[PDB]
């Protein structure tokens, strides 16, 4: 108990007479090299940080680094955010850019029990790997850091397990189907799998990652227009409910495709505005069937405009007329 009390008193005395100089002969520029000479590390750094001079702060930090035991260096620098921030950043810049003092971050983040920041370092490593086998090994380490706590880091751990799984299934897809897959996102995977016609596998992806239904539909719809598979687009229309509605099916198919197949989604369109069913038949190039719809809604003004477009004779026109 005593052996350390002498230090707690002595250094509290070295500080006593050291502070007896920040009054006479200041400021910043001259006073941190002074303090740093008198082994008043913690005061020099704090004085430098207050000065705002980034370059000054580096100087005290760099000095502390090679003077102190690294364990104590981490202790001192982590008290002051602004100092820890710069030590942290520099460990990412010693080249400059690109190259990393990863060992410093790893040791630093461990001492402060910063698990998210520590795990994030390993994720960064997993990205630099050339082989998914070694890439998954990095993520495991990341996960092993978070397994302790556990609570709060529930999502991250889930996300990690999700990513390891996605790479594993992607590695499989390459072996079997001879195509690029490793690296793509879940959403990008379901897309490419469907565009290539592997409808079965895509569903296994959707199931495994609990892909939201509304999203899965949006991916499928887009990926089928890519494949131009109007047959299975046709097959989907044969059911009652759609979690994304049928208007998406309308607009997406109409764009770069068949006006024919598109129009068959009216009147499955529940969420529509009055007298919009008409203009939809119009855009499909079906002036004939458009006039017929204008009548059913008892909007003869629309019936008038559509007949004026044709002209009582052209395009039969009488057929437009005979429907009223």
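Residue numbers count along the first chain shown, from 1.
### 71-79 versus 139-147 - greater average Cα B-factor per the deposited record
The recorded data point to 139-147.
#### Entry: Stretch with the higher entry mean CA B-factor, where the candidates are 248-256 and 101-109
Looking at the record's C-alpha B-factors, the answer is 248-256.
### Message
Checking the record values for 168, 238, 161, 203, which has the greatest CA B factor?
### Response
That would be 238.
### Query
When the CA B-factors of 45, 34, 290, 28 are compared as recorded in the entry, which is the largest?
Spelled out: the listed residue with the top C-alpha B-factor is 290.
### Query
Going by the entry, which third of its chain does the Cα temperature factor of residue 118 land in?
It belongs to the lowest third of the chain when residues are ordered by C-alpha B-factor.
### Task
Taking the values exactly as deposited, rank residue 95 by C-alpha B-factor within its chain and report the matching third: lowest, middle or highest.
Highest third, going by the recorded CA B-factors of the chain.
### Query
residue 299's Cα B-factor: lowest, middle or highest third of the chain?
Tercile = highest for this residue's CA B-factor.
### Message
Per the entry's values, where does residue 187 land by CA temperature factor relative to the rest of its chain, in the lowest, middle or highest third?
### Response
As the PDB entry reports it, the C-alpha B-factor of residue 187 lands in the lowest third of its chain.
### Query
Thinking about Cα B factors across the chain, which third does residue 66 belong to?
It belongs to the middle third of the chain when residues are ordered by C-alpha B-factor.
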